[PDB]
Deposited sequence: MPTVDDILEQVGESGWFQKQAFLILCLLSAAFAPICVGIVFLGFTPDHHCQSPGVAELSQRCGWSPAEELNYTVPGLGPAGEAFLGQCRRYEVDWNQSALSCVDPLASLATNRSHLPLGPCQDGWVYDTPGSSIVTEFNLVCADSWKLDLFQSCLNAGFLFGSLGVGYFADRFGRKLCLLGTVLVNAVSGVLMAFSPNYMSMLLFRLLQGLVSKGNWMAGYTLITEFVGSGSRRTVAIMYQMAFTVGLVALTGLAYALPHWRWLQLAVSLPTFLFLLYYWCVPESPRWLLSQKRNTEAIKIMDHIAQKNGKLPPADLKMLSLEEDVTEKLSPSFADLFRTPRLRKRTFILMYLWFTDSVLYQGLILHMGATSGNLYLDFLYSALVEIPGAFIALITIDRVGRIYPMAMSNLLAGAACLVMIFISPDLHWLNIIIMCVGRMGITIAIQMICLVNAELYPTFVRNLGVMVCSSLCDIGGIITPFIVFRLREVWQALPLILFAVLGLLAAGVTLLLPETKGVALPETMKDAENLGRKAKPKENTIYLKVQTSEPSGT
């Protein structure tokens, strides 16, 4: 059981890679930096809130945070004629008539730490570039899911695994030293090429080593290790407030993992109408579950008012989800539990639309229920997908079904970030529709 610790570490360290954007890429409050505002504030003695009151454009009806975050007044603050009580009052009849311009001189972020958003200025016009951080990782996942099988077929298995683990560790450490956004994106793609391949290889090894009398228990323990990795990520993110500090502390543990040492065809899946239907349903279920999981995590990261405690509470509820899945697998079945778990997540996403922002105590409960639901659904599907295919084409079908997860991971970040700008509740509407459809579709599969 000595190698069990390192094989579980291989899965625990995979958590910060796919979920670390919540802490490495947070967006703090910001406004246009102005050169003459600071001197006037020191002259008059403005408090931090009074400076925002007197300088940044107001919100107005319907929120409209765009005018305050991406625009500024072009008034010459260097003029001594400005009164300390209200400098904008004597300039015009109303503040709406003042000229506006972009933040030419930069931005001011109200945070003690840092992130990729604050360092690369991924705000306003460039705000879509933050979505590329996860899309590049998921494109790397998709390409690796094809490349790694070819590499392992034409090269030594153990040497290939060692090489991929070393590549992942080196790319993770190097990304903490990235000088610009393009190199960071390239390192992210390189890391995503090998991360999921290594995770799947470790899972396959740990399932092959253990006999049939304990395969399910170890498979569940593999996800328990991911949950423990999420908890450790939350702790490290609380301890290290800078994104470069957090990135090194995430990648370095995988280095000690190496330091511890020192024919089926694609056309087959759709040749039969029943097999075609099962393949389509499994593809849709994998896509829906991946979209729901990633979107819920990103939405929590983007809208929660207490990120650390919400993330900790959401991560913990996965463990009861794993226990419930384990109890329900051998007593009830696979179709009804999966349908119920998907319906629970869909209903939780639907309810969160109407909850008022001040009812945080209920919002966190609904979020935890939804996370437990998607966790149970994923645990069920990880067995349903595998056991619904014959042994001859089981692995190829599993790979094809899992590629839909990577495609959904590619698409998801633009749904959560960009579509929320059009309307805040729209991503939740999409998630509710997808969850309800997944609940409905699941019933068609045979028991």
Practice problem: Would you flag the ranges of the deposited sequence that the structure leaves without C-alpha positions? | Solution: 1 to 18, 281 to 330, 516 to 554
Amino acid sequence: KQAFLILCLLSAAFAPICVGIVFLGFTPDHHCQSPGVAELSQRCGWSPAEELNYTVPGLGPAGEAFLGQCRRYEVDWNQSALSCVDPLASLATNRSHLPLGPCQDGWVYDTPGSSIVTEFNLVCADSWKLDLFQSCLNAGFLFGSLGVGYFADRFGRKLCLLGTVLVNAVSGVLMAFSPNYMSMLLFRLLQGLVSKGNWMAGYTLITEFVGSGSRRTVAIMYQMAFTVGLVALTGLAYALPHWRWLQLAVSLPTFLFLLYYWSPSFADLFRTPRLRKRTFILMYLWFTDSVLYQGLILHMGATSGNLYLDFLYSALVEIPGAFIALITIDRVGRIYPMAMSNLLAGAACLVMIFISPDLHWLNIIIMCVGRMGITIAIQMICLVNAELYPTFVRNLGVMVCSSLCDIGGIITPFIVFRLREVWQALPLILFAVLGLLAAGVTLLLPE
From here on, numbers count along this sequence of modelled residues.
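Under this definition, the rigid core comprises the largest set of C-alpha atoms superposing within 1.5 Å between the forms.
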Quiz item: When the core is superposed, where do the C-alphas shift more in 8 other deposited structures of this protein: in 247 to 255 or in 83 to 91?
Solution: 83 to 91
Self-check item: 173 to 181 against 292 to 300 - segment lying farther from this form in 8 other deposited structures of this protein (CA RMS, rigid core fit)
Solution: 292 to 300
Quiz prompt | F143 unmodelled in at least a third of other compared entries | solution = no
Quiz item: Would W262 be found without coordinates in at least a third of the other compared entries?
Solution: yes
